[PDB]
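Note sheet for the following structure.
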Amino acid sequence: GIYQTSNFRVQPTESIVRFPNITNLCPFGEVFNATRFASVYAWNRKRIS
Amino acid sequence: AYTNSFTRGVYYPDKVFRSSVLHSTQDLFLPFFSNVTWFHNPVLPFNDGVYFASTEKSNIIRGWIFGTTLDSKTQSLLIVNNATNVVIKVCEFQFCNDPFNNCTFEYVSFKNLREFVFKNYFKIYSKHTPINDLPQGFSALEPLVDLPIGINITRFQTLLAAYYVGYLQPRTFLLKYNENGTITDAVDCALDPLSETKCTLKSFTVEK
Amino acid sequence: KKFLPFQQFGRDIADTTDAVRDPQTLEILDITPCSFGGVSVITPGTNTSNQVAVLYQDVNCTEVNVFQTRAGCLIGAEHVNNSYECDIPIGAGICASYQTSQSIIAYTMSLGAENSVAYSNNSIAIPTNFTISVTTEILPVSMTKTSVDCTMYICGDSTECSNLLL
Amino acid sequence: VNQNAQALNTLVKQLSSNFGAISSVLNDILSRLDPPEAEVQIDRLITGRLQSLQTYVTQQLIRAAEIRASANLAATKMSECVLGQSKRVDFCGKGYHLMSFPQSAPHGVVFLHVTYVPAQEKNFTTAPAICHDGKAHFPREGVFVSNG
Amino acid sequence: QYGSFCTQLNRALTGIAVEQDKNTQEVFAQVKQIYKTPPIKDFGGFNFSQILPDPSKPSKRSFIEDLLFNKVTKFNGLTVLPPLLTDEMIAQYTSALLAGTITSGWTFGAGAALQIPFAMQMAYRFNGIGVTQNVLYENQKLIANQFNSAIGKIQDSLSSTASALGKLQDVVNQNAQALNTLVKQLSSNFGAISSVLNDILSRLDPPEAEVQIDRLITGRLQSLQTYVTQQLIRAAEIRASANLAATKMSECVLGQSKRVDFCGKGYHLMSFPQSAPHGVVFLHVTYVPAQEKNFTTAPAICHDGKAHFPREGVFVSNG
Ligand SMILES: *[C@@H]1O[C@H](CO)[C@@H](O[C@@H]2O[C@H](CO)[C@@H](O)[C@H](O)[C@H]2NC(C)=O)[C@H](O)[C@H]1NC(C)=O
Ligand SMILES: *[C@@H]1O[C@H](CO)[C@@H](O)[C@H](O)[C@H]1NC(C)=O
Ligand SMILES: *[C@@H]1O[C@H](CO)[C@@H](O)[C@H](O)[C@H]1NC(C)=O
Ligand SMILES: *[C@@H]1O[C@H](CO)[C@@H](O)[C@H](O)[C@H]1NC(C)=O
Ligand SMILES: *[C@@H]1O[C@H](CO)[C@@H](O)[C@H](O)[C@H]1NC(C)=O
Ligand SMILES: *[C@@H]1O[C@H](CO)[C@@H](O)[C@H](O)[C@H]1NC(C)=O
C-alpha cells in the first residue's frame, strides 16, 4: 500500500520583528541637560505625550 | 436646504490591500442616495460620524471645530488651513459663536470638489477632485490622519460657498477592489431588494 | 505588488495574508507559507520486503536516489522508463511496484497493450470458434445489525449522569 | 466488515478520551467529587461522548445508504441476470450473457456469470449487398462473406 | 484530550479520496487495449474527425473535448491531492473506447475486437431498432449528412455557452464553496476573545488561555466534522453518478441500448464518450422518425377464408 503516516513541515529558521525607524523622541535634554531649574517652592511641570 | 448624496461617501475602511475581490464589510458608512443637508454657516450635530463635502473655486472653507460644549469648559478639537501651513490642536478653547488651555495635542506643518469623513478617538479620511449641486459619481476616501486625542464629540462647526453634511450609520457595504489596489464600486446592501440580492450572492452581476 | 501608500497588509480571497509592507523601507514582501505535506510510506507487503519508498506530498525535493513528481518528491523508488500496470498508486499518472537485485520502482503506468485495428472498407473478422467462461462477481448486501444503547454508552452505570443527559 | 470494525473500535476507544474532564471514567468523577463540582465535569464527558455517537451514527447512516445501493444492485442482478438473460452489455460479466448462478457469502452475494466469448477469428472480404438479376439482395440474418 | 476524532476525519476523507480514482477507473477503464484507427478514414462518409484524437497538441484531446475543458473552471493544513489518471490518460481511454466503437462496434466489449466496415456496423444498428438493413444503404450519404450536421450543431452549442455543463461546473463550485467555508471558519470566535491563536497565547495566562482555546477547539473540531460530513454525502451523490456513467459506458457505448429514454431521445444507434474536467460526456446518436403519413390498417387479411398475419411489420391500405 501507500500509507500516509505523518506530516512534513519546514520549521521557522529565525525570528524577525519589524517597526518604523527611530524618530520623534521626547525632549529629555530640555529637562536633564537644561541651563535653568525650578525653586523647590514652584516645581516646573512638562507634559510628555 | 437638501441634496441627494448619490453613490458617494465610500472610504477605505481599513489599511488593507486587496485586488480583484468583492469585500463585504459592516461599519460607519454613508447611506447611499440619502439627503445630505445643503448649505451655501451654522453649528451642527456630529452624531456617530460625518460625511462633509464642499464644492469650491476659491478656498473659502479652511477647517473645523469639534466637541460637546464648543464654548470652553472642556477640551475641543480645532483644525485650520492658513496661508503656507495647516494647524491641528485640542485645547479647552474659547471661540466666537460666529468664528471665521490644557493643550494635550498640537501640530503645525465650482471647480474643486473636496470630500471628508470624520469618525471616532478621532480619524480623518478624504478625497479631492476637479469638477464643473453635489455631483453624481463614485469616490474612494483614503485615510489621512489619526488623532489619539481622546476627545468626546457630539457637535461641530465650519471655519470659512456650497457644502453638504450627512451622518454615517452601521450599514453593510460590498466594496469592489480593482486591479493594482483601488476601491472602484460599492453596493449598500439595505438600499433595495436588488442590492440585498447582490449582497446575498456577493456578486455585482445577478443571474436570472 | 502595488499597495496604495496607506495600505500596510495584503489580503487574499480566503482572508489569508498574502503580502506585507515593510514599515522602514517601502517595499512589499510576498508571504508564502512554510512548506508542509503528508508523508506516504509506499511499500510492498512485509511478507516481501522492508524496503519502503517515501512520498513528500507537494514539495520541491530541496526542502526534504530521488525523483521529482507532480504529486511531490518521491524518495527511495527508482525512476523507471518501462510503463507497467499500476501496483501501488501514487498520483498524477505515476504508480510504483517492487521488481527486479530487487527495489521499489516508480513509473508512468501503462493503460495496457495498444492495438491499431485492421479496419477497411471491405474486411470483417468473424469468430470460427468461442470460449464459454465463468466470471465471479461479488456484491455486499448487508451490514452487521449493530445497536448502541446511548444511555449505557454515555452514562453507563450512572443515574447521577443520566439525570444530566435528559 | 473492516469499515464497521474500524467504526465500532473508534467509538469504543473514545469512551476512554477525556474531553477535558478530570477522568475519562465516570465513576472516578463520581467518587472524587460532590454533585455541584461533578455536573461541571460530567457535562464535559456528555458533550464529548454525544459528539462521538452523533459522529458514529452519521457514518453508519451514510454507509448503510451505500450498502443499500449495493443490495438494490444485487436484487437487480438476481432478477435480470439470474432469473432471465439480460442483453445489457458488461452488466452480467464480460462476454455475451448466457446465464448466472447465485451463491451466498457472509454479508453478501456472489454470482457465477456464464458468458459466451468470441475466441478464434479469421479475416474475410465482405460486401453490404449482392447483385444477381439487376435487383439488389441483402441477408435476412448475418452477413455476406468471401472465403477468398 | 478529544482523542481519535482527528484521525477519524483523515480516514473519512481518505475513503472519499481513494473512491474518486475508483470512480474514474470504473467509468473510463472498461477496455483492456488502447485501440487506434488507421490513417485511412473510409467510415462510410461519416466525419468523426471532430471527436477522434487531434495529433497537433501535447495531450491529444479531440475537438469536442477541448470545448468541454474550456467551458469549466488555502494552506491551513488543507491539501488537494492529484488524480491517479491525469487528463491525457483519461483522453487515451476516451480515444480507445471511441476508436474501438468506430472500427469494431460492440465486439470489443464482448471480448477480442472484430473489425467491420462502418456502413455494415450501421446496417446492424438500424436492424437493432427494427429498421431493415437496406434503409441504411438506400439513404447512406443522407444519413452521413444528417450525422455530420448533428455533430456540427454540438460544437456550435458547446461553443456558445457554459450553461449545458452546469452538471460539472456545479460540482467544481460546491467543492470550492466547501473549501472556502472551511477556511473562513478559522476567523470565527466561537465565544473566544480572538479568532487568532497567538493573541490568546500571548495576551492571557494558561489557566484562562486554556479555556479560551477549549472554545476555539470545540468550535474548530465541529467545523471539520461538518465539512467532512458534507463531503461524505456529496461524495455518495457523485459515487451514484460515477456508477450511472459506468453503466451507460457499459450498455450505451460498448453495446446498443434497448432501454427506452435511457440513451437520449429516440431509438438508440450508438454513442461516443468524450472526457470533461471531473466528468464525462456522451454523444448519443439516435434514429428519430420524422416525416409521416396516415394509413388505413387491419390486424389480418382473409384469402381462402383462412386468415393471414404479417411475419414482420403491419398491413396498410393506402386507400
Ligand atoms: C470533416 O469535417 C471537418 C469540419 O467539422 C473538416 O475540417 C475542416 O476542413 C476545412 C476544409 O474543408 C478546413 O478549412 C478547416 O480548417 C477544417 N477544420 C478543422 C477544425 O480542422 C474536415 O476536413 C472534414 N473531413 C472530411 C473527410 O470530410
Ligand atoms: C544629554 O542628556 C541625556 C539625558 O537623556 C544624556 O543621555 C546624554 O548623555 C547627555 N549628554 C551630554 C553631553 O550632557
Ligand atoms: C497660521 O495661524 C497660526 C495661529 O493658529 C499662527 O501662529 C501661524 O503663524 C499662521 N501661519 C503663518 C505662516 O503665519
Ligand atoms: C460623551 O458625551 C455624552 C453626552 O452626549 C456623555 O454621556 C458621555 O459620557 C461622554 N463620554 C466621554 C468619554 O466623555
Ligand atoms: C508471511 O507470508 C507467508 C506466505 O508467503 C505466510 O505463510 C506467513 O504466515 C506470513 N506472515 C506474516 C507475519 O504475515
Ligand atoms: C487480419 O489482418 C491482419 C493484417 O491487417 C493480420 O495481421 C491478422 O492476423 C488477420 N487476422 C486473422 C484472424 O487472420
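Note that each Cβ is placed from the backbone with ideal geometry, even for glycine, and that neighbours are counted across all protein chains shown. Bear in mind these aren't lab numbers, they're just calculated from the coordinates by the rules spelled out.
Picking from C:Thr144, C:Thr135, which residue would you name as being in a strand (DSSP E or B) and either within 7 Å of chain D (Cβ to nearest Cβ) or within 30 Å of E:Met120 (Cα to Cα) (or both)?
Checking each option against the conditions leaves just C:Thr135.
Among the residues of region E:101-115, write down those that are facing another protein chain (nearest Cβ under 7 Å) and more than 24 Å from D:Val114 (Cβ to Cβ).
The answer is E:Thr103, E:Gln115.
Check E:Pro83 against each of (1) out of contact with any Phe, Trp or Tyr (no Cβ under 9 Å at 6 or more places or on another chain); (2) of a type outside the set (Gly, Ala, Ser); (3) within 27 Å of C:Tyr119 (Cα to Cα) and name the one condition it does not meet.
Every listed condition holds for E:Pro83 apart from (3).
D:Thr76 passes all but one of (1) within 22 Å of the chain's Cα centre (by Cα); (2) surrounded by 16 or more Cβ atoms within 10 Å (Cβ to Cβ); (3) within 12 Å of chain E (Cβ to nearest Cβ); (4) not hydrophobic (A, V, I, L, M, F, W, C); which number fails?
(2)
Quick one: which of E:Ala245, E:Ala276, E:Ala209 is of a type in the set (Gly, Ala, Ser), at negative phi and touching a strand residue (DSSP E or B) at 6+ places or on another chain (Cβ under 9 Å)?
E:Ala245
Between residues in region C:11-31 that are away from chain A (no Cβ under 11 Å) and under 12 Å from B:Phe17 (Cβ atoms) and residues that are of a type in the set (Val, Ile, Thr) and assigned to a loop (DSSP other than H, G, I, E, B), which pairs lie under 7 Å by C-beta distance while being six or more apart or on different chains?
Once the first residue is away from chain A (no Cβ under 11 Å) and under 12 Å from B:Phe17 (Cβ atoms) and sits in region C:11-31, its partners that are of a type in the set (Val, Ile, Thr) and assigned to a loop (DSSP other than H, G, I, E, B) give C:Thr17/C:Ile31; C:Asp18/C:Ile31; C:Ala19/C:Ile31.
Got a sec? Which of C:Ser101, C:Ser83 is outside any strand (DSSP E or B), within 11 Å of another protein chain (Cβ to nearest Cβ) and among the hydroxyl-bearing types (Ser, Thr, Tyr)?
C:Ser83 is the lone residue from the list that is outside any strand (DSSP E or B), within 11 Å of another protein chain (Cβ to nearest Cβ) and among the hydroxyl-bearing types (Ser, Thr, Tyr).
Checking the conditions here, which among A:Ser39, A:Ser15 is more than 10 Å from chain C (Cβ to nearest Cβ), under 30 Å from C:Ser35 (Cβ atoms), assigned to a loop (DSSP other than H, G, I, E, B) and small (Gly, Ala, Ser)?
A:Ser15
Here's a check for you: in region B:72-88, which residue that is within 19 Å of B:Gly150 (Cα to Cα) and hydrophobic (A, V, I, L, M, F, W, C) is farthest from ligand 1 (Cβ to nearest atom)? If you could, list the steps in order and put the result at the bottom.
Applying the first criterion (within 19 Å of B:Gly150 (Cα to Cα)) to region B:72-88 yields B:72-79, B:87-88.
After this cut, where a residue has to be hydrophobic (A, V, I, L, M, F, W, C) as well, the list is B:77-79, B:87-88.
Numbers: B:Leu77: 72, B:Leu78: 75, B:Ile79: 69, B:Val87: 73, B:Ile88: 70 Å.
The residue in question is B:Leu78.
Spot the failing condition for D:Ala127; the list is (1) surrounded by 12 or more Cβ atoms within 10 Å (Cβ to Cβ); (2) assigned to a strand (DSSP E or B), and only one is missed.
D:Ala127 satisfies all of (1) surrounded by 12 or more Cβ atoms within 10 Å (Cβ to Cβ); (2) assigned to a strand (DSSP E or B) except (2).
Restricting to region C:116-128, count the residues that are more than 7 Å from chain D (Cβ to nearest Cβ) and surrounded by 18 or more Cβ atoms within 10 Å (Cβ to Cβ).
Counting residues in region C:116-128 that are more than 7 Å from chain D (Cβ to nearest Cβ) and surrounded by 18 or more Cβ atoms within 10 Å (Cβ to Cβ) gives 2.
Where residues in region B:115-168 are within 13 Å of B:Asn47 (Cα to Cα) and in contact with an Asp or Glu (Cβ under 7 Å, 6 or more places away or on another chain), which of them is farthest from ligand 5 (Cβ to nearest atom)?
B:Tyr167
Quick check: is even one residue across region B:134-157 of a type in the set (A, V, I, L, M, F, W, C), farther than 30 Å from B:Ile88 by Cα and either in a strand (DSSP E or B) or within 14 Å of the chain's Cα centre (by Cα) (or both)? Before the answer, list the steps.
From region B:134-157, those of a type in the set (A, V, I, L, M, F, W, C) are B:134, B:138, B:140-141, B:144-145, B:147, B:149, B:151, B:153, B:156; that's our starting set.
Cutting the leftovers down to farther than 30 Å from B:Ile88 by Cα gives us none.
No, there is no match, as no residue in region B:134-157 is of a type in the set (A, V, I, L, M, F, W, C), farther than 30 Å from B:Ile88 by Cα and either in a strand (DSSP E or B) or within 14 Å of the chain's Cα centre (by Cα) (or both).
How many residues does region D:116-140 hold that are farther than 20 Å from C:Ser120 by Cβ and within 40 Å of the chain's Cα centre (by Cα)?
Counting residues in region D:116-140 that are farther than 20 Å from C:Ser120 by Cβ and within 40 Å of the chain's Cα centre (by Cα) gives 4.
Condition test on E:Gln20, is it at the interface with another protein chain (Cβ under 7 Å from one of its Cβ atoms) and in a helix (DSSP H, G or I)? Explain how you work it out, then say what you get.
Working: at the interface with another protein chain (Cβ under 7 Å from one of its Cβ atoms): no; in a helix (DSSP H, G or I): yes.
So E:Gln20 fails the test.
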